[PDB]
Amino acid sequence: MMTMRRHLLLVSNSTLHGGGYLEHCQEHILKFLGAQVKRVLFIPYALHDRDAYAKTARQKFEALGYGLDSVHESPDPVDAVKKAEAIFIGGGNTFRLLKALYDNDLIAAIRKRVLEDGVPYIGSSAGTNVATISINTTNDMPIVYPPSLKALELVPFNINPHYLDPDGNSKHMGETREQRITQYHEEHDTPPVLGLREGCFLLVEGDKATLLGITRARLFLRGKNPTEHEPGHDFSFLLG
């Protein structure tokens, strides 16, 4: 089971407006990884310029006291995952990210490292999407075609990051985020969808899940009214 093995920090978004990269969650990253993790394995696949992405993430994690290895600089990404002390998958285009995880044979390897070996996993945004059962509730454009929407399944429910309340000033006739999720929940056997607004994130420790941050999360359950939850809320019931 998961009880003493699963460690996830699932961030909705990397940056608050006017703030620094990972600044709003930097204390939680520090607590989550702890003092005994020396190096973090970064996965930059969600963005096109992997070199510049790794440089940005390395600057921040080195400022936090961690070395940073990018899997795109490893000659054997599978081996890099098998040796990682901690894994951070950054945001970007979720379809591009998931296809690249499949293309580099990393789905099973990351699953084993996190769920069986207890290696801590950080996701930001698209990296949070691929931590879930599937990317059915990403906001991103399908710029490439992954072989499946199934992802790492580190948790069995879906997440909608960057969750956005409807705009009352708006005459735009496109779907609201809630309307899009409602349509998902018309399809067969779909699981709960956790809408993490920007500024909030989910800490998973075994079979415990906790909302952290400074904003509310909107939970979408199939056939039910959406419910709103304050930082500190216990989401353990979403875990098996």
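Residue numbers run from 1 along the displayed sequence.
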Tell me which stretch has the larger mean Cα B-factor in this entry, 92-100 or 76-84.
76-84
Tell me which stretch, 206-214 or 180-188, has the higher mean Cα B-factor listed in the entry.
206-214
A57, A46, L41, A35, ranked by C-alpha B-factor: the highest one
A35
If I read the C-alpha B-factors straight from the PDB entry, which of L196, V193, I29, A63 is highest?
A63
Chain third (lowest, middle, highest) by recorded CA B-factor, residue given as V11
lowest
In terms of the CA temperature factor given in the entry, to which third of its chain does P166 belong: lowest, middle or highest?
highest
Ranked by Cα temperature factor within the chain, is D140 in the lowest third, the middle third or the highest third?
lowest
